[PDB]
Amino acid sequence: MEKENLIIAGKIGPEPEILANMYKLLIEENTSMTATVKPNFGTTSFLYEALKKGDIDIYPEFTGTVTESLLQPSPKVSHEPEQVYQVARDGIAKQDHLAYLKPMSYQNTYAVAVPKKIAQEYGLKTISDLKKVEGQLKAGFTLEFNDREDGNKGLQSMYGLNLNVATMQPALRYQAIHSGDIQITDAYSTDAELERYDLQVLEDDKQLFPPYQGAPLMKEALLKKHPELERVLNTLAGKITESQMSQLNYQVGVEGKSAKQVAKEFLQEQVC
């Protein structure tokens, strides 16, 4: 009786924890394997390096993050989600022999956000509009967003924006923008905090941000050993809407429910 245990990790926050718990539930129900979820395991580069080193077995990675952060050189991608997925999938298999399974439906993009009041007061609708006020407002951005070419380096290069940026921890940036310590932050578009704190996402008028859909990323060797993982995890391929994920994020991060329970009830009610 081979009862291999898979280590399923997530980036920071309730959403990767929810996803990792969905993977665990699906794997334990439909395979002979068990899984352990590692919440808040780290940021993108750490999940990626841990995956390549074998320290974790699966994590949810996002299509535009594969092409921008993980592929070297980074290919030039369009705004069509399925083509970006194919670029990410083919590229990461060739580069790192990682198998990137089929993406979920929802997009979770970086989103430059300001309080509604600020957008109204300063006449902000687009990211380009921030040039109007870059000497007046303060931004608080995660370090990873600051480090990424599709993040603050891209605000600089694509938009010529020179924001006054405080580097922030992921879990502290929304309280900072809600309290007025900052007026700009790098939201994730499925974060529950956008609605909870009456924040407005500025339109990405120059299309800095690629599409970002999540999907399981694992070593090709793991899929070869356990080919059933493809069918089992692709249960979620093309499922989960933006509104659905944002509500799950609300349940875990705002209402404090366990990610396992929230994941289980969603799968029971909406997928299986």
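All residue numbers refer to positions in the sequence shown, first residue = 1.
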query	finding
Given 92-100 and 119-127, the range whose Cα B-factors average higher in the PDB entry	119-127
Between 54-62 and 241-249 (mean CA B-factor, as deposited), the higher	241-249
Lowest, middle or highest third - CA B-factor, residue 19	lowest
CA B-factor placement of residue 86, once the chain's modelled residues are sorted into thirds	middle
Chain third (lowest, middle, highest) by recorded CA B-factor, residue given as residue 221	highest
Residue 260 - Cα temperature factor, lowest/middle/highest third of chain	middle
Assigned third (lowest, middle, highest) for the C-alpha B factor of residue 144	lowest
